[PDB]
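Reviewing the structure listed below.
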Amino acid sequence: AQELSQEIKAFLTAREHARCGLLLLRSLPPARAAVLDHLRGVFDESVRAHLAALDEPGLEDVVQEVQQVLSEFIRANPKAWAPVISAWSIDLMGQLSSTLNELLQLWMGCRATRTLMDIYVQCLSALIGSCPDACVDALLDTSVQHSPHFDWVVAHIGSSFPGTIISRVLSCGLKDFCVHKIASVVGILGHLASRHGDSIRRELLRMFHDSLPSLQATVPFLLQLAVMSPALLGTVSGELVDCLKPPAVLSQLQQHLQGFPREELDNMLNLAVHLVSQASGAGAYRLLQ
Amino acid sequence: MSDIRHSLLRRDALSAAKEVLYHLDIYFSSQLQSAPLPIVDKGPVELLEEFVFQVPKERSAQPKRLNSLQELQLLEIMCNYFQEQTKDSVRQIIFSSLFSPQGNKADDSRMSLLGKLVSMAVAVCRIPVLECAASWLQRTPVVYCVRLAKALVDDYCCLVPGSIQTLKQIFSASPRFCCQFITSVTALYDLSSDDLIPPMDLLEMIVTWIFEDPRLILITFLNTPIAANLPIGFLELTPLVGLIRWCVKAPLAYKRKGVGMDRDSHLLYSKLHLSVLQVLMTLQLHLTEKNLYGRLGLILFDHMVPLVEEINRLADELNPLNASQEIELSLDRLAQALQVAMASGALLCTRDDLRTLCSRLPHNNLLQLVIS
């Protein structure tokens, strides 16, 4: 009891202070957040200690030790540790980003940022099998306030895990489109296009079919996405003709379009004109036929 | 009271809370020196809400919020004050004024603070804080006692692996707090759902606590003047009902829900049932010594009716799943508990009452023998 009290007092009143915080994390539950908050001060300085080093050293061991402690804590009980640590880490990445390939290379160059993405990766990989939403939401939610300085974590995660990140990104983009960030969505989708065009095309096609206030705006949202990002319309024009080919699909498209006023139908027509004008890579002859 | 609020509005949140605690100390000491029964005025409650729990009284005023670090400073200062407070009456009254429910939006925050403070009391072994928490649990409605028990179980059973040992070391420090914590835990984990099975480490530590000193559960009953009418909506005087519910509903709940861990749970529940039966037999002497034999029943029939209904519902649900052995074990445990309680006078009821109550239960030889 007395030693724990002395540890608490010494912690509350950098390497030694952080080790005191880690011991309290391992021993005294109620102080966790405070230690976590202190750990935030450990990380931010490091990034500065990195950034100034780019402009022109004993805390990297602290970051490594915190990483081992967090990894052990997740491996002991992922269901109880992964959400909290993931949310705290995502808040960390958001704040140090506020305070795509070039930015990715710049930020994975820092040891602290790499460790942050690593603990997020292990937390989600622990929570993919049961319930990754608490992680993904913690990502997606944070992505609201830190765009466009945030996007590259989302890009890295989608590169590592496309099947859920792509769908969630499309859903949140559609939500924003209905409400009103869409530029950030375009940027990340273009970034992951070069390696996951198949999955992006598949998800876009499934959303398009499922649509056939959120469900009415899917087609205009898709057209706006294609007009913003050449990569996606290049990825999808390979099977756009096969997608519009069946008569039932075209009839459903007409029926859905009948619900908008003529000003909106004119805009929908004009969007297709820009796509078929500045989009086709190889299916232009088949499309025009 | 208006002058102090203006001065505290100019200070930082931690210093404001510390000055609030110091002024409460002075005010309650003066009131107890002047009167034997102090009256908790609205002033201290509003002051605690505004400056300790940080509930803004003015809509347009930005609330100064303690960070987790400053809140840990507050917890440390609060624990130090409780340890340094010599007079027990002032300590208990200030604990009540700090943590008595008020029915407002602040209570939740208060709960969190209490749900943390008691946790800190477990870590550094502050006996006065544990005694005050036990008294609060005794004098608080069950809805907040369950919340505090859930918070403590989360900190010491599900979050840190191996920290439960510390809570176990509480047994030799504050037995009253241990009994109240067991009562609140039994009120919390009723085994009605798969998420309400008590934690395995918590179950083991409870079983060890009861087996080491069976009288622990009766400590409150042995140290409280028993009124003619127990208040409705509060924790029971003795958690014997919770232990009966646990022991009888464990087989059905586990069947509804790892083979070795299930065997360990079965052995632990059998040990707990034996300990509870022994407590029931020993209860007769304590009841006779207090001139309460045949007059006060620590186990209520109105509390056994929902238990029997739940047993019948669980048996009906689990019958297609070939759960005959679990149903038989549950019925045997219930019959043993009923027989021992009736023999020791813990349950005040007639045999016709048991005939009416257990008529809907599946046939059991031991249950029929007890009934007849």
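Chains: A, B, ... in order of the structure tokens. Residues: from 1 per chain. Ligands: from 1, in order shown.
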
Item checked: Neighbour list for residue 123 of chain A as a ChimeraX atom specification, cut-off 9 Å, only C-alpha atoms, skip fewer than 5 positions in-chain -> /A:71,74,78,81-83,85-86,118,128,132,135

Next item on the list: Determine which residues of chain A sit within 9 Å of chain B, taking into account only C-alpha atoms, and present them as a ChimeraX atom specification.
Entry: /A:1-5,8-9,12,25-35,37-38,73,76-77,80-81

Note to self: Can you pull out the residues contacting residue 187 of chain B? Cut-off 10 Å, using only C-alpha atoms, and skip same-chain residues under 6 positions away; I want them as a ChimeraX atom specification.
What the structure shows: /B:142-143,145-146,149,181,235-236,239,241-243,245

Would you save the residues of that selection, restricted to C-alpha atoms, as an mmCIF file, in the first residue's frame?
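The file below, again22.cif, is the result:
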data_model
loop_
_atom_site.group_PDB
_atom_site.id
_atom_site.type_symbol
_atom_site.label_atom_id
_atom_site.label_comp_id
_atom_site.auth_asym_id
_atom_site.auth_seq_id
_atom_site.Cartn_x
_atom_site.Cartn_y
_atom_site.Cartn_z
ATOM 1 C CA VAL B 142 -29.801 -0.608 -4.671
ATOM 2 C CA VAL B 143 -29.555 1.080 -8.087
ATOM 3 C CA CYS B 145 -24.970 0.197 -4.994
ATOM 4 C CA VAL B 146 -25.150 -2.043 -8.070
ATOM 5 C CA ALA B 149 -20.208 -2.816 -7.353
ATOM 6 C CA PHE B 181 -19.530 -5.369 -1.609
ATOM 7 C CA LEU B 235 -29.601 -3.556 -0.216
ATOM 8 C CA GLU B 236 -30.623 -6.469 1.983
ATOM 9 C CA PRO B 239 -26.971 -11.202 1.149
ATOM 10 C CA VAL B 241 -30.776 -14.440 -0.728
ATOM 11 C CA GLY B 242 -28.200 -13.564 -3.381
ATOM 12 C CA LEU B 243 -26.064 -16.566 -2.456
ATOM 13 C CA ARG B 245 -29.964 -17.459 -6.052
#

Note to self: If we count only C-alpha atoms and set the cut-off at 12 Å, which residues sit around segment 246-259 of chain A, ignoring sequence neighbours fewer than 4 positions away in its own chain? Please answer as an MDAnalysis selection string.
What the structure shows: chainID A and resid 208:213 215:220 240:242 263:269

Next item on the list: Pick out the residues sitting within 9 Å of residue 109 of chain B, and hand them over as a PyMOL selection string; count only C-alpha atoms, and ignore anything fewer than 5 positions along from it in its own chain.
Entry: chain B and resi 53-54+114

Notebook entry, point to check: Please, what distance in Å, to one decimal, runs between atom CA of residue 343 of chain B and atom CA of residue 190 of chain B?
Noted result: 25.7 Å

Next item on the list: Using only C-alpha atoms, find the one residue out of B:113, B:196, B:130, B:217 that sits nearest to residue 150 of chain B.
Entry: B:196

Margin query: Give me, as a list in words, all polymer residues having an atom no more than 10 Å from residue 77 of chain B, counting only C-alpha atoms and skipping those fewer than 3 positions away in the same chain.
Written below: residues 14, 17, 18, 21, 71, 72, 73, 74, 80, 81, 82 and 83 of chain B

Note to self: If we count only C-alpha atoms and set the cut-off at 10 Å, which residues sit around residue 283 of chain A, ignoring sequence neighbours fewer than 2 positions away in its own chain? Please answer as JSON, numbers by chain.
What the structure shows: {"A": [234, 237, 238, 239, 240, 241, 279, 280, 281, 285, 286, 287, 288, 289]}

Note to self: If I take atom CA of residue 154 of chain A and atom CA of residue 96 of chain A, how far is one from the other in Å, to one decimal?
What the structure shows: 15.1 Å

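Between atom CA of residue 139 of chain B and atom CA of residue 248 of chain B there is a distance of 28.4 Å.
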
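For the choices B:192, B:224, B:89, B:102, the atom-to-atom distance to residue 290 of chain B is smallest for B:224 when using only C-alpha atoms.
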